[PDB]
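Right, one structure below, let's go through it.
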Amino acid sequence: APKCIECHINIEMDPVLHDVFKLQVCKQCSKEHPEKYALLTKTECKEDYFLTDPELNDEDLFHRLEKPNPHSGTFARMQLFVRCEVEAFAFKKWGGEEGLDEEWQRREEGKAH
Amino acid sequence: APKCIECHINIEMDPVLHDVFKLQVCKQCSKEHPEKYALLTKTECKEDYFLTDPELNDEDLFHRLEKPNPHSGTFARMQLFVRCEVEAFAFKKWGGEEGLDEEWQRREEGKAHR
DNA sequence: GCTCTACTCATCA
DNA sequence: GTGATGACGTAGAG
Ligand SMILES: [Zn+2]
Ligand SMILES: [Zn+2]
C-alpha cells in the first residue's frame with residue numbers, strides 16, 4: 001500500500017492534492033502543513049509572491065484547480081495554486097526567501113513615495 | 001457598368017480598396033485622394049488618431065489588409081487600415097477633427113513635462 | 001480574503 | 001516610415 005509522503009501512515013490521499021497537484025499527501029497532513037499544501041488564489045499568489053499574470057497563466061508552469069468565482073458564476077473562474085509549487089518558483093525567481101523579502105522591503109518604500 | 005464613386009468614369013476598381021475595403025474606387029482616384037484612401041499601418045493609426053490596440057484589434061470594427069512584416073517574415077504581420085474608416089471612427093471618439101486636435105494639444109504638454 | 005485588464009514605451013519579435 | 005506587450009500599480013468591470 002502507497003503511503004502519504006509526510007506521515008508515511010495514511011494510504012488515502014487528499015483527492016485534490018493527489019489528482020490535481022500530483023502530491024501523495026493525506027488530507028490531515030495537508031492541514032498540518034499549510035506552509036507547503038495550502039491553496040492560494042491567483043490574486044494571493046501575486047500579493048504574496050510577486051508573480052505576474054504571464055507566469056500564473058502559463059499552463060506549463062503550475063498545476064491549478066479552478067472553481068466558480070464566488071462573487072458570481074458569470075465572472076472569471078477562481079484559480080487555486082498549491083503553496084509549495086508557487087513558493088519554489090518564487091524562490092528561484094527572487095533568490096530564496098532572502099531575496100523575496102528584499103523585494104517586499106523594496107515595494108514598501110515606493111509605497112510611501 | 002458600375003462606376004467609381006469619385007470620378008464616375010472608371011469601371012475597374014482598385015483591387016485592394018474594392019475587395020478588402022469594399023470601396024468602388026479606381027486606383028487613380030485613390031492616389032488623388034489620400035485624405036480618404038491612403039492605407040495606414042497599425043502603428044500609424046495609433047500615432048495619428050490615438051486609437052488603441054483593442055479598437056484596432058476588433059475584427060468587427062475596421063476592414064484590414066495584412067502583409068508580411070517588412071522587417072522580417074518571422075515578426076508579427078503588418079496591418080493596413082484605410083484612412084476614411086479610421087478617421088471616421090477617430091472623429092466619433094474624440095469629437096470631429098476639432099476634439100482630435102485638442103487631444104494632440106493635450107499630449108504634447110505632458111511630453112514637455114519629462 | 002475573486003479575476004482581468006486598460007490605464008505609452010523599450011524591447012523583442 | 002513594423003508589431004506586441006511587459007513594465008514602478010491599480011480601478012473598475014466582470
Ligand atoms: Zn499524511
Ligand atoms: Zn475614379
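Each chain gets a letter, A, B and so on, in the order its sequence line appears, and its residues count up from 1. All values below were derived from every heavy atom in this structure, side-chain atoms included, with hydrogens, water molecules and symmetry-related copies excluded.
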Subject >> Pairwise side-chain contact, B:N69 with B:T74, heavy-atom cut-off 4.5 Å (strictly under) >> reply: no
Separation of [X] atom [atom1] from [N] atom [atom2], in whole Å?
X	N	atom1	atom2	value
A:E55	D:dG6	CD	P	11 Å
B:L80	D:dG3	CG	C1'	12 Å
B:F50	C:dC9	CZ	P	12 Å

Hey, is the side chain of [X] poking within less than 4.0 Å of OP1 or OP2 on [N], counting only N and O atoms?
X	N	value
B:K42	D:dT2	no
B:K46	C:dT8	no
A:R107	D:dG9	yes
A:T43	C:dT3	yes
A:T41	C:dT3	yes

**OP:** Please identify each residue that fulfils ring pair (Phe, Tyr, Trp, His ring centres under 6.0 Å) with B:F89, with sequence neighbours left out.
**Re:** B:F62
Original post:
Quick one, which residues of residues 57-68 of chain B touch DNA chain D with a heavy atom under 4.0 Å?
Top reply: none
Subject >> Candidate list A:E103, A:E44, A:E87, test side chain to side chain donor-acceptor pair (under 3.5 Å), partner A:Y49, passing option >> reply: A:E87
For [X], what residues pass the salt bridge (charged side-chain N to carboxylate O under 4.0 Å, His left out) criterion, not counting sequence neighbours?
X	value
B:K3	none
A:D58	none
B:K93	B:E55
A:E6	A:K36

**OP:** With heavy atoms under 4.0 Å as the rule, sort A:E44 into base, sugar-phosphate or nothing.
**Re:** base
Subject >> Closest listed nucleotide, where the reference is the side chain of B:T52 and the choices are D:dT5, C:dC7, C:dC4 >> reply: C:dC7
Atom pairs under 3.5 Å: protein N/O with N/O of nucleotides 11-13 of chain C:
none

Original post:
With sequence neighbours left out, which residue pairs that include part of residues 62-73 of chain A fulfil the salt bridge (charged side-chain N to carboxylate O under 4.0 Å, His left out) condition?
Top reply: A:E59-A:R64, A:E66-A:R77
Subject >> Residue pairs involving residues 19-30 of chain A (criterion salt bridge (charged side-chain N to carboxylate O under 4.0 Å, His left out); sequence neighbours excluded) >> reply: none
